[PDB]
Amino acid sequence: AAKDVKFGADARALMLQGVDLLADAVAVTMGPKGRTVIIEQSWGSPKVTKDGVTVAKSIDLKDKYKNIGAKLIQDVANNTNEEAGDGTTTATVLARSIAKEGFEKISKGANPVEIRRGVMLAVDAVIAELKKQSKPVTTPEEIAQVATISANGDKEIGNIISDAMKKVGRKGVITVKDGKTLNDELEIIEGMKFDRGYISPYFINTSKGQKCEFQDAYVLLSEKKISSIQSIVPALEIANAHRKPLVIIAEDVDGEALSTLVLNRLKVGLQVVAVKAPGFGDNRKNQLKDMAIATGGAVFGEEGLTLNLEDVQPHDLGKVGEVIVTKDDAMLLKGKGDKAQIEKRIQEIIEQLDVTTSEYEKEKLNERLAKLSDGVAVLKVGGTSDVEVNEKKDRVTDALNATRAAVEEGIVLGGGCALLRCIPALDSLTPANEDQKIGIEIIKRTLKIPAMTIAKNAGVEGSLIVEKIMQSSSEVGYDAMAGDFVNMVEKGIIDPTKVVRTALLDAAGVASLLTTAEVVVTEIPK
Amino acid sequence: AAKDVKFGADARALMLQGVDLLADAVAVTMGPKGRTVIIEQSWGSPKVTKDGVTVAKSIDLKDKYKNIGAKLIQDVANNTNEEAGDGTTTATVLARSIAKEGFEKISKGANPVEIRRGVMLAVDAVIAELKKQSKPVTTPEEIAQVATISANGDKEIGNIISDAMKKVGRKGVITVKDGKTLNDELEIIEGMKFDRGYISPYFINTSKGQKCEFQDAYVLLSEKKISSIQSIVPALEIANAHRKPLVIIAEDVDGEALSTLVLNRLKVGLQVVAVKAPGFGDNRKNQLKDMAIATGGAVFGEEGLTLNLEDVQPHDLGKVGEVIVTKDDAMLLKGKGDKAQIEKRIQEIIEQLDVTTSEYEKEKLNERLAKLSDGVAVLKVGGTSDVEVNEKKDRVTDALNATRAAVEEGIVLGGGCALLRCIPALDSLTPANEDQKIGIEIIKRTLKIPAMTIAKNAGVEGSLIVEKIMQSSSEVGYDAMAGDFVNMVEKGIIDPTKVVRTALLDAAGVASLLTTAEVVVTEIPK
Amino acid sequence: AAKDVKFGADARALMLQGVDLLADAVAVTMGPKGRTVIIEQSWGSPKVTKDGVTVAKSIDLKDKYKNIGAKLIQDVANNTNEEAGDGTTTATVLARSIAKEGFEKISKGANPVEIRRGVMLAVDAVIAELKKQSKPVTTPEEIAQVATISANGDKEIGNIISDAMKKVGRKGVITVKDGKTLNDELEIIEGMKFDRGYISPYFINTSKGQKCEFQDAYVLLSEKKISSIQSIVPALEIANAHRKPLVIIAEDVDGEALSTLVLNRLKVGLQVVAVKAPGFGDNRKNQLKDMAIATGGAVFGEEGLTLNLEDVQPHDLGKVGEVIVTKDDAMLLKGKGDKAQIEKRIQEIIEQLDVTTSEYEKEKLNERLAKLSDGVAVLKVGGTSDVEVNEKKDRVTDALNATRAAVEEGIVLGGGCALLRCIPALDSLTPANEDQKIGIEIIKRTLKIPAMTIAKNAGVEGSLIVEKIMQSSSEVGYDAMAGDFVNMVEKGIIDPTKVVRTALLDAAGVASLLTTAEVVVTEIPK
């Protein structure tokens, strides 16, 4: 393919136009009063949504240079906000304004690097101030209050969340399931969690929410790679002989092993999924041992007695009541196994903790201890019929994720005030020269955009609401639902500091790249 | 696919044009004097019709933005009014004018949300007034009068309907069949009805009226999902060994089970249909067991006695004389089974009713009681030839549906007067501000359109007929057939309140979306 | 295919346009302050890079004559600078300006040959001066300092490199691996190395880094050509019977043998690679014998007892724990064999070395001695997880190559000053005539470009930094990171003389061709 190369301002100007279309398209859905977007679909009815991520993903421009500006933001704003959709539109709107102000100052003669440095300095002053203003959420009462708020007043949802937190701890694991009954309930079960997901999107099942779930599954464990290794079929034969799903945990999967598993998933309907091994080095081996004991299987490794995938017996695979695999996250719940062996391993880990002195080993040993001694909290959602249970299920999950985020980093005044109230942090920030000063001034002004954007979607002047907030006491913001100026702490209108902090850092990151890149290379269409 | 994004008024103006063509096309078929529409067909003669639903479905615009305006109404008006052909046209015509008046006020500077709120307030005042003006239809004489009226003077039809209603109750089940004889007759037979239809349009058979009917069929029951579960073939093998159709009732059907069943239906002619299970939780388990007894089969579940789909015997499938599956509805008539077992379960349900105190359980227990002890009324339509029986059959089903609707919610003056006479409901309705006032005024004016449209199709000025109705007593409306002002109660010109109530709510719903959506995204054609 | 033939300046001018686009595209990435280039990719996100080689390879222009100007440089600058990414950009930028200045002087009437001669004379004066200014790196402390510098302050990398050099010598072999542990360590293993790579790019495996790696492989050795000769299958049959990769070392591979090997690699996944034999004449026979002893196989020779390729037995192929083949390089580690035979061969080589007096034989014979008695150093890189280990791995290989280059030829002041400080070398250089004088002046001016280009990317005037450097003491240059004029020796900012020397020679080479070629022939596009 032949290329077409553009230089300097000529390329930057086009990428910036790609950004303006995208930012305007999703800015409109921001806040309590966001408006809808209608997305045409080719097979059925138009989709009508308020979701900032859906709208951002839907837009794809035909122009080769504007397409890049749009992807530079889409590949970050839609990818760094997996837990909640709140940070995507904030990062998109801030990145557009930072980049635009930078572009104008640079095309008039400011130095691209010195402007970038002034912006970084201002962003760090703001982040430190957000950390200073954030309040912790660790007390069971504090947790319940936040959970009730993120549950939008549904006190019963806030209460089952608080109870789950109390039962497994602030750092424990809480999941949500359909209870097949009328009442909501909390059950604690045995199981393991590790940060490794599916190796491929082709294994997605039950596609709403991009999940992959199996029950009564076999578990194949290995400390070795199966990349370009065949003869994985004997394990697949057992899964077919005894109609059970199979999950494969291996150091890596590629080549023929990958091809075999994906094609069977897609063309045969064989219920098999592969997941990467949970650790590194010696700790990888130790985690596989705990896992094998907990699931009642064996690890087909080389150390000690060598086991080969050429010969897999029904007693070599483990058994797990429920297996969940999602992007970068997997769980094994209700495993089968010998309780004497599990308790023995637990006692060994405790002795290892008592004996070792290294911080590294103690921390890893504590995680392995917890994997066998702690349980998993499950929130069972009930209701009259599945049509309604299915919606409540999401209300509970969103409340749960919001609660956990608040507990991990603390909370700040919401509705755009967390950043609006950090503007004074820049008053003591001193630049080395005029271009650094301009860079600080750019952030000082873009800190006002989230607050004005919400006021604009509400239907009132942005310039008046934002200035009036700043002129009042520290706990007063503007409530777009109430249509007035209220004490946000008393009202309970809060945002996790985690989200505010990330959205600003990501916006600054992309805008910086966008205004300093010098050469852009695109393909010539034919 | 590349996209083309339009904003604000530029997108709204195009959707509105798509709507005007659609509304004008179906407005002309409204009322006793509707005119015809000729629809070109590619395989034969042109179709000539007066049906508002057919015309609405037929129109499909080529422009990408006008196409959306047309679908926003078609996807609601043609789908929420499946019971009668009256509500679709009324909702289309009202939505067009509500949205247009809103658009004009908004483009001149009114606030989109405050206008929307004024409209909602006006709609609720009108609905409450319709409820106040509606009269009940519960007395056998009242029922017979409505049935005669909706039967257009066919007193014999009105009488077989009244008699069926009396025998199975106002809330009982009545169906219509070809009697293969000269006289009309009413027969009561054993059978059951539940609100679950086919899972897929690809199972439609006997396509006139979009039905799906089998006789002497096997019935397969399961408490468990068969999504991506195969080995359902032994049931099909029995069905092929003994040439009988098969109906599958399961919690869900997906993956390979679904693929096999649909593809064989379409490419082989496999006579099979699948239906979603009728309940939730404990109610699902109890309904499947009582159903198995009623059909003489077994439930292929895991709890209690385990029965697996891998092994299907001739005695495990139930047997049904006639099975009917339609959108969101399924019926089984004349099933085979052990009468002693059915009576025993009936007595057990009665004992449960005597013991329980909760309203929830009593209601569900009464639904189960009725499904085993009540019969199904069948209206057999007779005549000298099938070409005439087939026409009378429609008069009976239309009169029957209209009668049932009248009985469930009551009746109002028809011919557009139910809404015209609710205008005073807005005189005491107070807005918070000018934009809410404008929104109230928009509804106050669109309440006159159904009456003007009918008078216009009749051939007289709409503005003069409506003003004369408004200046006269409440019982007086304009009869387009008579060409005069008459007492509508005495003439019997009535409309179920259910229809008037829904058409206004749906019209307000779609128009609201249409005037506040801000961004519209369409695909770029190639 | 029809051709388009252009003459003289008309063709030269078009090639120069292809060159200017390329040179500007990579000039901007030069030095510590290089800016980014965004490269559109056909399916994923845009690639953002600062790498001069990636950018240079990415650009491919559509015009047929501009395409040539771009390839004349790309095929040299990207191919002769495989060791480090520094030489490619410098050679591209210098070639562009040398060729342009030449073209302008020639189109105004200067003689193309006499200008070329003046340029060659100036280049040689500069190279001799670089050799005079370069300092050696041979002392363990000097080596450690260079390694620390090229390691960018990572003292732990600088130290493992120094120690590895001490263990196998300045001329030994050092490689880098992932240690699968937390600590870094140095291990010495048995193995051999020779300068022959894969015969074809089609054999690349594990494509990141363009490598080709096999483990537990069979080794087939032959003194005979297999070009257009098949019957290589018996060795492949053994390799397929016992699932092991096969490496073929032969004088030549072509025709059907090559066709079979490449097509099966591409369509089958046959795990086979072929490499050219390591020697010439008597040296080829002796090296293959030493190799067979080291791998435990046999050599398929035709002299004396003939071993025919038509019949390959399991004991004729050698066995090697690890086989690595890269462009122009091959390595075999941990081979199997009889230690008595290896020591016997070593002793024979020693006796032969003691007896022979010829310089040629002593040198080549001592190389064979070393191939059996010396080992290979391996640097095992550790860390908490593979993600970080994988990045540290690059710091180690880059520091290692930079150190070795410094040790082989010495170091000069970096940052473009090595050439800037050689300008006085031309003051004593006397031309025969005016055109030779012009040619010397062209180099005298292009010697200033590396220094100006870095200053420009830094953001300061090029003309002022470069003149200020020349007016100061010999050890002062401009540090783009510091933003000041510093003592480069004290700061440790150095560049291997090997790189500076090559970049200038290659730049002068291509520019020379580019300005004197007279006729250019291109194909007619369709």
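First residue shown is number 1, and so on along the chain.
Recorded method is electron microscopy, 3.8 Å.
Backbone N, Cα and C atoms are what each Cβ position is placed from, and that goes for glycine too.
In this view, A:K6 (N6-succinyllysine) is surrounded by 19 other Cβ atoms within 10 Å of its Cβ, with every protein chain counted. Secondary structure at A:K6 (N6-succinyllysine), taken from DSSP and collapsed to helix, strand or coil, is strand. The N6-succinyllysine annotation in Swiss-Prot covers A:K6 (among others).
According to Swiss-Prot, the feature phosphoserine maps to A:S42 (among others). Neighbours of A:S42 (phosphoserine), defined as other CB atoms within 10 A of its CB across all chains, total 6.
Annotated ATP binding site per Swiss-Prot: A:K50, A:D86, A:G87, A:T88, A:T89, A:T90, A:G415, A:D495, in sequence order, evidence recorded as experimental evidence. Sequence-distant neighbours of A:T88 (ATP binding site) (same chain, 6+ residues apart, CB-CB distance under 8 A): A:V26, A:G52, A:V53, A:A56, A:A77, A:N78, A:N81.
According to its DSSP assignment, A:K62 (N6-acetyllysine) is coil. Taken from Swiss-Prot, the feature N6-acetyllysine covers A:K62 (among others).
Positions annotated as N6-acetyllysine by Swiss-Prot: A:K108 (among others). A:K108 (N6-acetyllysine) falls outside any helix or strand according to DSSP and counts as coil. Around A:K108 (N6-acetyllysine), there are no C-beta neighbours below 8 angstroms that are at least 6 residues distant in the chain.
Secondary structure from DSSP puts A:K177 (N6-succinyllysine) in a beta strand. Counting only same-chain residues at least 6 apart in sequence, those with a Cβ under 8 Å from the Cβ of A:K177 (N6-succinyllysine) are A:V378, A:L379, A:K380, A:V381. Among the features that Swiss-Prot reports, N6-succinyllysine is placed at A:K177 (among others).
The annotation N6-succinyllysine is assigned in Swiss-Prot to A:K211 (among others). Sequence-distant contacts of A:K211 (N6-succinyllysine), defined by Cβ-Cβ distance under 8 angstroms and a gap of at least six in the same chain, are A:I204, A:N205, A:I324, A:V325, A:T326.
All protein chains included, A:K225 (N6-acetyllysine) registers 15 other Cβ atoms within 10 Å of its own Cβ. If you look up Swiss-Prot, you'll see A:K225 (among others) marked as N6-acetyllysine, on the strength of similarity to another entry.
Note on A:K327 (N6-succinyllysine): other Cβ atoms within 10 Å of its Cβ, all shown chains, come to 13. Residues or ranges marked as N6-succinyllysine by Swiss-Prot: A:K327 (among others).
Positions annotated as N6-acetyllysine by Swiss-Prot, on the basis of a large-scale study or a structure entry: A:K327 (among others). A coil conformation is recorded for A:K327 (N6-succinyllysine) in the three-state DSSP classification, outside any helix or strand.
If you look up Swiss-Prot, you'll see A:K334 (among others) marked as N6-acetyllysine, on the strength of a large-scale study or a structure entry. Around the Cβ of A:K334 (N6-acetyllysine), the number of neighbouring Cβ atoms within 10 Å comes to 15.
Taken from Swiss-Prot, the feature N6-succinyllysine covers A:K371 (among others), and the record attributes it to similarity to another entry. The Cβ of A:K371 (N6-succinyllysine) lies under 8 Å from the Cβ of A:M192, A:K193, A:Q287, A:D290, A:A294, each on the same chain and at least six residues away in sequence.
Residues or ranges marked as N6-succinyllysine by Swiss-Prot on the basis of similarity to another entry: A:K456 (among others). On its own chain, A:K456 (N6-succinyllysine) has A:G462 as residues at least 6 apart in sequence with a Cβ closer than 8 Å to its own Cβ. DSSP assigns A:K456 (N6-succinyllysine) to a helix.
Within the same chain, no residue at least 6 positions away in sequence has its Cβ under 8 Å from that of A:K526 (SUMO2 cross-link). Reduced to three states, the DSSP call for A:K526 (SUMO2 cross-link) is coil. Here Swiss-Prot flags A:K526 as SUMO2 cross-link, drawing on a large-scale study or a structure entry.
Farthest C-alpha pair in the ATP-binding residues A:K50, A:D86, A:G87, A:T88, A:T89, A:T90, A:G415, A:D495: 19 Å apart. Non-local neighbourhood of A:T90 (ATP binding site): A:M30, A:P450, A:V499, A:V500, A:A503, A:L504, A:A507, each in the same chain, at least six residues away, with C-beta under 8 Å from its C-beta. Among the modified residues A:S42, A:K62, A:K177, the ones whose Cβ sits under 8 Å from a Cβ of chain B are, in sequence order, A:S42, A:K62. The Cβ of A:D86 (ATP binding site) has A:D495, A:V499 as same-chain neighbours under 8 Å, each 6 or more residues away in sequence. A:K334 (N6-acetyllysine) has A:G87 as its nearest neighbour among the binding-site residues A:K50, A:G87, A:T89, A:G415, going by CA to CA distance. Comparing C-alpha positions, A:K225 (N6-acetyllysine) sits nearest to A:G87 among the binding-site residues A:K50, A:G87, A:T89, A:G415.
Contacts of A:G415 (ATP binding site) defined by a Cβ separation under 8 A and a same-chain sequence distance of 6+ are given as A:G31, A:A451, A:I454, A:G477, A:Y478, A:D479, A:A480, A:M488, A:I493, A:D495, in order along the sequence. A helical conformation is recorded for A:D86 (ATP binding site) in the three-state DSSP classification. Annotation note: A:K211 (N6-succinyllysine) sits in a coil segment as assigned by DSSP. Taking CA atoms as the reference points, A:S42 (phosphoserine) and A:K62 (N6-acetyllysine) are 18 Å apart.
Cβ neighbours of A:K62 (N6-acetyllysine) (same chain, under 8 Å, six or more residues apart in sequence): none. Each of the binding-site residues A:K50, A:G87, A:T89, A:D495 was scored by the other Cβ atoms within 10 Å of its Cβ; the lowest score goes to A:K50.
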